[PDB]
Structure formats: structure tokens, C-alpha cells
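Before any questions on how it binds or moves, here is one chain, the form deposited in one PDB entry, in C-alpha cells.
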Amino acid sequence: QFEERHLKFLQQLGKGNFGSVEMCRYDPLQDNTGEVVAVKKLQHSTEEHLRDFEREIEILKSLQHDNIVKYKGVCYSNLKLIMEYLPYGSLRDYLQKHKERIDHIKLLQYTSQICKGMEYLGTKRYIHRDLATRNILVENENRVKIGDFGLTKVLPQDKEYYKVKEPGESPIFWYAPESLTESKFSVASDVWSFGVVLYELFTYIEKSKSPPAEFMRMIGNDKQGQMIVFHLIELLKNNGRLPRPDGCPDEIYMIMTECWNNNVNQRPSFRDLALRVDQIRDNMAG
């Protein structure tokens, strides 16, 4: 395990939901030779949030994949999750900085990795719910990882969806329609959100091109709080979709639109998305 007293704070990496992640150095020999690790804690530690956190810890402990952030351990006194530190930060920030250096062939490499990591989760009947470029992390130039499992749920034995209505701010512009209407989350709603991730990447995180900004423009910025979700629901029901990003080939946009099917069952699987992305990659290399 990890001793609280040997964990030296370096910086805050992110703050969100009811938790934070910190860059720390675990230096149990106090000779400044310990490794830098990522440390996740709760901001305001409730009982329901701590039980979620414990499950989250067991979720990640159970996962071992090249494209999923490595579990290192836990720290007791208030529970803390110790993970590997990924030095290049979020795919969101990284893409925005190196937008002139990252070509479509690279975006597809990242996309394929995201798919493989996502398929590995579905293999364990884990539903991620929260997939976005902000929580996909960059280990190095040739490798990304799914970096946070804060909202990840296990499916019940007898069902292919999981129903959950959480209070507060929900990332609604990444959600499938049936998640907005019925609070149903599944592998197929993760596929929807993966479509939004694909979109993000191909916008190169241009600010005015983000899903919130695009959907808000399509709805009309004169909308307030609770009416937003309602109008979004209607737009999706009427086959309103995010536009093709500048420079996106039509066959990559086709992947996106196929992920965004209103019919939960007609969305592609993560194994087929990977095959299709890999095939497009292979053709761009020739």
C-alpha cells in the first residue's frame, strides 16, 4: 500500500464532480527518488459518494489494458486512489496544443486505441457513461488511455442497460437520447458518446466547434437551464446532429452519424468501429 505521510503534493491536475486529481511524488525514503503518481480524492466526502468511490476503485483495480490508466493502489488517512501519472495530460488539451503537428492518421490511431479500451470495458459489462477528450489521457505521442472511471457502472446480471438519474450538472451534450429521456445507459449509449469523441477530435478542439456550442446554436442561445435538455431531446428526435467538422472525410463523418443512431440497437459495436477505423488507417498509409 501507500503511506499518506510519504505522498508529497506537487500540483492539482483537475477538479470536477465531487473529486480531484493531484500530481504527487511518493517518496517513502525522503531522499527525493520516489516516483510521481496521480492521486484521486473526494472533494466533499459523503457516504454515498464514498461507496461510489470504493466501487470505482474496484472497477479500475479489475482493469488491465494498454489503453486504460494503470491502478497502483490506495491510501488511507479518507480514502485516496493512487494511479500512474501520464505526463502529456488530457487528449483535449494535448490536441489543442499540437493541432498543426497531429494529422488525421494520428487522430485515427488515437481513435482506434479508444475503441480497443472501450471494447475491453464492455467485455467486463462496464458502462463508462462519461467518455470525452477531457478524460482520455496521453501517455506519449503514440498512446492514449481512458483516464478516469468516476461515473462507470457495472451492468446488472439480467439487464443490458443500467438506469441512473444523478443530481447536478450532467454532460448532456455527450449523451444518447434514451439517456436523456429514460436515464438508460448501456454499451450502445457509450457508442453514441464515442461518436461525440470522434467529432471532438476532428474539430481539433476548436472552441466555437464544441458540442455544447454547436447544440446551443442549433437550439438557440435564448434558452435557460431546464429548457435546454428538453429542446435538445426534440432536436435529436428530429435527427438534428452535430455538423461534419472542417476537413473531416465523409467516411469518418459516416462513422460518427452511425454512432448517433436514435435506434439503440442499430449503433455499431466497438469491435466493428475499430475494424473500420483500422481499415481507413491502412488505406491512408498506402
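In this text, the rigid core denotes the largest set of C-alpha atoms whose superposition between the two forms falls within 1.5 Å. Residue numbers run from 1 along the displayed sequence.
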TODO: For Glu166, record whether it is unmodelled in at least a third of the other compared entries of this protein.
DONE: yes
Task: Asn17 unmodelled in at least a third of other compared entries - done: yes
TODO: Please count the deposited residues lying between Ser77 and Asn78 that the model leaves without coordinates, and give the class: none, 1 to 3, 4 to 9, or 10 or more.
DONE: 4 to 9
Task: Mean C-alpha temperature factor, higher of 149 to 157 and 205 to 213 - done: 205 to 213
Task: Comparing 68 to 76 with 117 to 125, the one whose average Cα B-factor in the PDB entry is higher - done: 68 to 76
TODO: Have a look at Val37, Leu60, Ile252, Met227 and flag the one whose Cα has the highest B-factor in the entry.
DONE: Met227
TODO: Among all modelled residues of this chain, ranked by Cα B factor, put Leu29 in the bottom, middle or top third, i.e. lowest, middle or highest.
DONE: highest
- [ ] Relative to the other modelled residues of the same chain, rank the CA B-factor of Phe18 and answer lowest, middle or highest third.
- [x] highest
TODO: Looking at the entry's B-factor column for C-alpha atoms only, identify whether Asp103 ranks in the lowest, middle or highest third of its chain.
DONE: middle
Task: Lowest, middle or highest third - CA B-factor, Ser112 - done: lowest
Open item on the list: Split into thirds by Cα B-factor across the chain's modelled residues, where does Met218 land: lowest, middle or highest?
Closed with: highest
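In what follows, reference is made to the form deposited in another entry, a form of this protein that is not presented.
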Open item on the list: Core-aligned, between this form and the one not shown, one residue among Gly117, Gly195, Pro177, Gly147 moves its CA by 2 Å or more. Tell me which.
Closed with: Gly147
- [ ] Could you tell me whether the Cα atom of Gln64 shifts by at least 2 Å between this form and the one not shown after core superposition?
- [x] no
Task: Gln30: Cα shift of 2 Å or greater between this form and the one not shown (core-aligned) - done: yes
Open item on the list: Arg271: after superposing the rigid core, is there a C-alpha shift of 2 Å or more between this form and the one not shown?
Closed with: no
